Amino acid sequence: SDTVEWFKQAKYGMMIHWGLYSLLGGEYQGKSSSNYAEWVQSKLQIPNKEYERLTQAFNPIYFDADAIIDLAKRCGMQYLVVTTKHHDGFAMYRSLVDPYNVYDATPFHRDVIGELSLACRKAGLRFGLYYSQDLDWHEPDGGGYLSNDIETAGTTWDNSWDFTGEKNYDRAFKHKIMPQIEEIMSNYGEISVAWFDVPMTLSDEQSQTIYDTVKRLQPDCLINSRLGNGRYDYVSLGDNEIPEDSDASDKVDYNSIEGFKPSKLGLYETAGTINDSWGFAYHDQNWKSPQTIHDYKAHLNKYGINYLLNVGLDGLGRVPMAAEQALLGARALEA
């Protein structure tokens, strides 16, 4: 495959986390999210009916998909992966399946995924899509309800405060997860990377059904290990996992998110953050320096691991200034 050869040498990409959570920025009614601002809904058990009010404040006048891609491109990033739908269940694309999306429900009334797709295509960057296939806090049957003995960046993995009765992920799988994966893999042109996450609930068969649907719609799309149950083309390491020399040299619970796993094609990627948050967090100014970014990329890359470095856009659709400065500074260090 072309995509396989390409990914092996790609080295460096940009990830984007952006959603209603970005407006709250890590705080809600005087209380804090963890370092995980995108988890605020679970962390503070914000009822859906309250969280939905954020749609009315979502008018990011400074969002510019071309300017974002241009930054990525100047830094030598070869691909961009963006959140189409995170755990809160809010879609950042025009979903016919679900009107809880950025196009229908906000005054912004624009398809953010569509604009980033088009921007990547003109600039020659490959395009990837993040989709939370398991957790969906907007759905009574969203995943996570079997996993609450394991600590999270929130409270429970599922929405356990609005939805307190019998739960069966199979229904959400059928009525929302699969139809939305169909939309994003159909309507945004060629997809090079599919970035799934926290496979806390879905079965082997469900992972497989997703894998086969993605391949039917996007034959060259490379699927990460967090689809779960070993149904994947490349290994995602843990959040900000930068392995020691020895571990990076050598390289299993298929549903854990940490550590190495087998990779028949020799493909690996660490997704990381510039500060310590995925979603934009007001409080978090612990931005890595140009030098650290440069060194992390060099280290990952020389052991054949791609560096997928995340930007959490703010409520106005901006790359934080300190993120842009860190990225452009790392670029300036490259001889």
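All residue numbers are counted from 1 along the displayed sequence.
Unmodelled residues of the deposited sequence between neighbouring positions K251 and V252 number 4 to 9. Relative to one another, 38-46 and 262-270 have unequal mean CA B-factors, and 262-270 is the one with the higher figure. Just going by the entry, 149-157 versus 134-142 on mean CA temperature factor gives the higher value to 149-157. Residue set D88, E183, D204, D162: peak C-alpha B-factor at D204 (per PDB entry). Take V235, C120, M92, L71 and read off each C-alpha B-factor from the entry; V235 has the highest. Ranked within its chain, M200 lands in the middle third, by CA B factor from the PDB record.
Among all modelled residues in this chain, the alpha-carbon of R171 has a temperature factor (C-alpha) in the highest third.
Placement of the Cα temperature factor of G279 within the chain: lowest third of the modelled residues, per the deposited record. For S33, the recorded CA B-factor ranks within the middle third of the chain. Only modelled residues enter the ranking.
The deposited CA B-factor of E27 belongs to the middle third of values across its chain.
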